[PDB]
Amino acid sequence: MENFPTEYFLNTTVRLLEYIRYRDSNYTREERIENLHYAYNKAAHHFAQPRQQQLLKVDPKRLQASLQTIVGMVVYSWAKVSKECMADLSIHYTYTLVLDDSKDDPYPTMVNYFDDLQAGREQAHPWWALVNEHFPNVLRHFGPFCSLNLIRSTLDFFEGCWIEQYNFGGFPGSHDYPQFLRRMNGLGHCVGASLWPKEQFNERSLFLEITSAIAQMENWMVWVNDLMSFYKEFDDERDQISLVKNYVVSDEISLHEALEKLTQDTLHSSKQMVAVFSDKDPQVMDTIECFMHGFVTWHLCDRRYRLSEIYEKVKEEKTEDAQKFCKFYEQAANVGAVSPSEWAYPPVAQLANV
């Protein structure tokens, strides 16, 4: 199909939003902007420090854009946490997105990973040096259990990026590969566990609800990111691997059948997320609900996903799905579409030369 499944894509997206009850929040634009600027400002000063500028090899423009996309993701989906927590998570998730830009083989820098770690010597891989040095700022907002989940998920992520340098979709017939990889690079347990600051949640008292949230949120969060990204990756000949593309290669099926699997898995996860938490601790279901809505709003408003294009193509159309979609899209824009000039300034590079 040299043609993007617009009708199909519209149907699945709409059903998703209905399933989760995509709606309005008491999260006002003024509030969004206060948080966006706050998280961005702290993170920008952090990455402009000389040490960060030195060990972190990233093109300034790509770093600028990666940060802006992460602050938006965190401020929008982690609506219930403090400003400091939004800012610290913003730094952490920016480090993870940036590692994706590296092509350097980790092998030589991991030869002594364990012994250095055990001995307390700075890690040879500069990414780990920066990330572990900064980790305490993130972990101070959480209890021991949630902290362990963040630490594990970030280690899994490092391995995920190592594996991806091989641009490997999986051996035909290796059915377990696709999801094995998506979970490795998903940060599912990092996200899931980072939603529960010890400041407003008691880890020990809500252990079972948190653990369940982590387990269920892992798959929802990544599957939704895959679905929403399916448009920008469709004609991207540079990106050769993804959950859907690997389904195609590893399971030996069509892109349509791979998209079908993703869409069914995504809806089943949404339906079950609601069915499980719609009657547990209120604050928990609130964080969970704000995350699902925020996450979707972020995908719809960030130009990285180019969803404005699909909107603009079915803007004036009589079909049911199209209208439902546009209304949703329009909703998101009302609270989500904010000019970067209102919060993302000054540029990281500017603060860097100072």
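Numbering starts at 1 and follows the sequence shown.
Visitor: Could you settle it for me: does 238-246 or 152-160 have the higher average Cα B factor in the PDB entry?
Guide: 238-246 has the higher mean C-alpha B-factor.
Visitor: In the PDB record, does 12-20 or 336-344 carry the higher mean Cα temperature factor?
Guide: Comparing 12-20 with 336-344, the higher average CA B-factor belongs to 12-20.
Visitor: Among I91, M221, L255, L99, which carries the highest Cα B-factor?
Guide: Among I91, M221, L255, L99, the highest C-alpha B-factor in the entry belongs to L255.
Visitor: Could you check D115, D226, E122, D279 and tell me which one carries the biggest Cα B-factor in the deposited entry?
Guide: That would be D279, according to the entry.
Visitor: With respect to C-alpha B-factor, does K61 fall in the lowest, middle or highest third of the chain as deposited?
Guide: Middle third - that is where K61 ends up once the chain's C-alpha B-factors are sorted.
Visitor: Split into thirds by Cα B-factor across the chain's modelled residues, where does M285 land: lowest, middle or highest?
Guide: Highest third, going by the recorded CA B-factors of the chain.
Visitor: Taking the C-alpha B-factors as the PDB entry records them, is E133 in the lowest, middle or highest third of its chain?
Guide: It belongs to the lowest third of the chain when residues are ordered by C-alpha B-factor.
Visitor: Once the chain's modelled residues are ordered by C-alpha B factor and cut into thirds, is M73 in the lowest, middle or highest one?
Guide: Lowest third.
Visitor: By its CA B factor, does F47 count among the lowest, middle or highest third of the modelled residues in the chain?
Guide: Ranked within chain, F47 CA B lands in the lowest tercile.
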